[PDB]
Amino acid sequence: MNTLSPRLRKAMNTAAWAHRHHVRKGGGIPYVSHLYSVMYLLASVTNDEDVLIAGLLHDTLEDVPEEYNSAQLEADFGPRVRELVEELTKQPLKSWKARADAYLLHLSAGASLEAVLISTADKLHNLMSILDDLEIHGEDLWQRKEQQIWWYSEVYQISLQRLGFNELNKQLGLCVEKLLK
């Protein structure tokens, strides 16, 4: 388990600050709940502090670049973290399917092993959150499923193909299995 270094504490503070007005979809929960959860999931599988920090910051460029842009990211955490985060910042294609296929194509071929690990943690927590929401609110949550089953199934297979079996894609599989049931 990585120790809480000055650099890691700075990333934790930056993630909270940059997303301070950012909310998880469907409620009022501050978005940093998700970022911290992704970092926590990554800490069980890597020693790479750059990977933990890019986990904390992997949505900043996409979702709050008015608060924290790529230049600031690099000046605070260096070029490697900025490249990891930029691997995961997906371009604005119009069609959902098109964006999904483009993410999945990149994930299977171009993305670094480090990027695939973060993406596994990212998608795992998102699916964990979906399952929590379904249990709390019920089958009507979908109006806000078969597409989602395909999406997380595809992420799970690509994660296995690129990384082999590990603690993160293990849990993603368990979540996909519940989702299928």
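In this text, residue numbers run from 1 along the sequence as written.
The entry models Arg144 and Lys145 with a gap of 4 to 9 deposited residues left without coordinates. Here 56-64 and 134-142 are compared by their mean Cα B-factor, and 134-142 comes out higher.
Look at the C-alpha B-factors of 99-107 and of 79-87. On average they run higher in 99-107. In this structure the maximum Cα B-factor among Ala43, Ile149, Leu117, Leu35 is found at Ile149. Among the modelled residues of the chain, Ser70 sits in the highest third by CA temperature factor in this PDB entry.
When the modelled residues of the chain are ordered by their C-alpha B factor, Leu163 lands in the middle third.
Annotation for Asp48: C-alpha temperature factor in the middle third relative to the rest of the modelled chain, per the entry. The deposited CA B-factor of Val176 belongs to the middle third of values across its chain.
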